[PDB]
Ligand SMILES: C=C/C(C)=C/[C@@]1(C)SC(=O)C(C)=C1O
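Shown here is one chain on its own, the form solved without ligand TLM, set out as structure tokens.
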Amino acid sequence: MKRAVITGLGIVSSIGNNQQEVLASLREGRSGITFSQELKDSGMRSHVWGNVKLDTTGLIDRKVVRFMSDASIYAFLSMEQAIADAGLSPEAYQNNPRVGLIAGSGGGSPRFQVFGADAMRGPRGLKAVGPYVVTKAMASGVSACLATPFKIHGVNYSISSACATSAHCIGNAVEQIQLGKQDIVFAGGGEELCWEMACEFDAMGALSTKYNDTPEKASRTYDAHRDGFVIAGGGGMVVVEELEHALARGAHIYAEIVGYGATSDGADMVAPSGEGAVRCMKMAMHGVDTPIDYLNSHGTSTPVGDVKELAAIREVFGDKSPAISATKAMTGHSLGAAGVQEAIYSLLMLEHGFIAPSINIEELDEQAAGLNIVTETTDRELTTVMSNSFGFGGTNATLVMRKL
């Protein structure tokens, strides 16, 4: 069947506003986490976040940006980067029924939803709301706001699956190539960063609260004293392309997507089962005839979640587990953007031949013993990498990417 490769990438993240900045942060083990006065002022217990450090004012034409929330702004800038990186001209990708876009967010825009309700409840009613809230607040905002300006004619929709959102977007893009329906699908996602959404996670006890005075130490996957994830925002986009089409245009190919797992736990709303993760990893590895050299774990810095995933990894890999690191210890958890951003970090590791460190492990959890959790940047010629995304609601995605 038809093979899918990644031929371009773009990213706006807590650890860099393009792939050059991201690569430098990954190699340096640099945290993207900062103290947030906004989260503190809202009354939250978690006062830290992985913010995008970019003035986005003016970067997008007004006729386009007027429809957008921050998730769409970050995804749009990532898409522009990905198109440039792929070397795609408008003649090639615009008004082309074989070019699609599958990109989502986990939350839509709580900020604009709340803005609309607050405005409506004041004396000016509909006049205060204005005419742009639907495209900002709707769950499909990220795909809708990008498909128009980029003149996409093929598929156009958003997948959402909480932390797995943009990993399922990439896997669905692979499926469109496999079905022969598309030659290129831009795949990815975006997530805004705001107290309106963050407080929902803090209310469920999911966020880190004990390290507000030392923000760079709060996200600490696998450390014995981890206490929840650090919320983040941003976007990412990859160009998923059919192999013969890529070769025919002289594309730069980062990797082939040689496996895509998607499963469901059917168990707990907010905690992973393990069993679903084992099936998801095995599905992504089926038929893949090379070992996993590096695994970018879901690893959010939660007491239960981090070790549930490690137990699943031990079950999948038996006595030959891969090198592992949790890049969320540097970046935080960007929710709908995490799958694509972590696919990109993994592709940069593959392209540049290094493993990024799993930072802030002052005392390794007892349940991580015996695994090669890499804690210092390591040069290594990688061939095959895996990235896990295990979302709330028991939804799992795994991607396996390999050099061609």
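All residue numbers refer to positions in the sequence shown, first residue = 1.
This next part talks about the form deposited with ligand TLM bound, which is not shown.
Asks: Identify which of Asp213, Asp289, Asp268, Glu244 has a heavy atom within 4.5 Å of ligand TLM in the deposited complex; exactly one of them does.
Replies: Only one option qualifies, and that one is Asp268.
Asks: Would you kindly say which of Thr300, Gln81, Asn172, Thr263 lies with a heavy atom within 4.5 Å of ligand TLM in the deposited complex?
Replies: For this set of options, the contacting one is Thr300.
Asks: Heavy atoms within 4.5 Å of ligand TLM in the deposited complex: which stretch in 251-259, 94-102, 174-182, 268-276 meets that?
Replies: It is the stretch 268-276.
Asks: Spell out, yes or no, whether the shortest heavy atom distance between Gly16 and ligand TLM in the deposited complex is within 4.5 Å.
Replies: Looking in the deposited complex, residue contacts with ligand TLM do not include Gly16, since no heavy atom lies within 4.5 Å.
Asks: Wondering, does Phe76 line up within 4.5 Å of ligand TLM in the deposited complex on heavy atoms?
Replies: No, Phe76 sits far enough from ligand TLM in the deposited complex that none of its heavy atoms falls within 4.5 Å.
Asks: Any chance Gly305 has a heavy atom within 4.5 Å of ligand TLM in the deposited complex?
Replies: Output for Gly305 is yes: heavy atoms within 4.5 Å of ligand TLM.
Asks: Determine whether any heavy atom of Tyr222 comes within 4.5 Å of a heavy atom of ligand TLM in the deposited complex, and answer yes or no.
Replies: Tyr222: no, not in contact with ligand TLM in the deposited complex.
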